[PDB]
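Single chain ahead, written as structure tokens, the form whose entry title says "closed state".
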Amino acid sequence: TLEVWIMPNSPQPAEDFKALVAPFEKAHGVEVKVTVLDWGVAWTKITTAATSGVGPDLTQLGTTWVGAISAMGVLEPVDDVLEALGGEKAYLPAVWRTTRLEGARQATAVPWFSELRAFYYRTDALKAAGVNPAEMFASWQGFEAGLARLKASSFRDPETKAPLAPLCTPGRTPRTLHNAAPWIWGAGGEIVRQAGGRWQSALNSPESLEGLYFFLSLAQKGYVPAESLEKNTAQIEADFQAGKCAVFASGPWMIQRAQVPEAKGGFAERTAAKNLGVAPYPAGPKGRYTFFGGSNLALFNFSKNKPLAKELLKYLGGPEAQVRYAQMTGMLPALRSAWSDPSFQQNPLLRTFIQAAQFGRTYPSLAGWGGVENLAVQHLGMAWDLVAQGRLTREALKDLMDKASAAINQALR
């Protein structure tokens, strides 16, 4: 029996995973046993397995975790699998770079599925506000003027019978910079930069502060209600679904969720699901970026089932499994060839995610990435708390990212 650990990638994820692997099981005369870890906990259990030598054969990883787990020395080389799937050629570079610890000789993860972030919008709220989405999502200035028109609008969701918040974004200490990265990048900033053979914080670069301040100050100007500042990602998701928000940033999953009854983990019933639009991040002063992520699969080098686990990695990474699991999850395949399936191309909301991928940007794949993102989100949490007071100024934000930067630079030395 092979053991795979996965995250909750679909409404019934163990059952979707098991339907996905049934033909591998039949062709190999083997049973796969799946365990589903919540995203909130999956980090700790995966790190405990890596530290103790007790764990599955395969584990899903966040693309941004592959570096740290690889540096713990517990991942089996999978260059052989990536070759059987078509090698570097078979992947966007953004995806290809997630297959290894930055600068390591050997690949240690197999790309499974991709996700990137774009804005969902209420077509009804924007039509009623008189906002042309092409203009609002073209530029930072067009975005700010579309929120202003959304704030002034008479519109009220027909279910809630109240106004929509123009923008909903969470102010709770985030787990990651996924929401914030597009604004840092669009200003010409970065989280860390490589120069003179070392990585250092760029979160206190004037470009980073411009981007971050522009994002956080929207909330300060009235385009994000005080209630949103008190919420985490999952709560903002729920708020868009329940008709409280006209615009918010998420992954492609919400498209397949909008086509699924409430009773099945969806909101097809709700207005928002009937009035659903997608648009890319607006271009910033120094170009157009969005966070590009997903999950890879890794094999623990203490696995007793390496040969079969490798066949399972080639099965899951290959074209048929890639198409099939992207359809159940609402994600994108990791494999470029699999994007051509009509199931992705003739879905007009998903087609927008596909166009957005041109401007997908990734984290460098560093052993210490986790430590970096954790001090950054701590300081960014304190910034959100100043926005909850009306008291985020450029000075206070610079003071917080200087402290983040000094604590990030220690971590990297």
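We call the rigid core whatever largest set of C-alpha positions still superposes within 1.5 Å between the two forms. The numbering used is simple: start at 1 and walk along the sequence shown.
Another form exists, whose entry title says "open state"; not displayed. Remarks below refer to it.
Asker: My question is whether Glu320 is one of the residues whose C-alpha shifts by 2 Å or more between the shown form and the other one, given a fit on the rigid core.
Answerer: No, its C-alpha moves less than 2 Å.
Asker: Quick check: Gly53 between the shown form and the other one - does its CA shift reach 2 Å or more after fitting the rigid core?
Answerer: Indeed, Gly53 is displaced by 2 Å or more.
Asker: After core superposition, I'd like to know whether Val387 moves between the shown form and the other one (criterion: C-alpha shift of 2 angstroms or more).
Answerer: Shift at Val387: below 2 Å after core fit.
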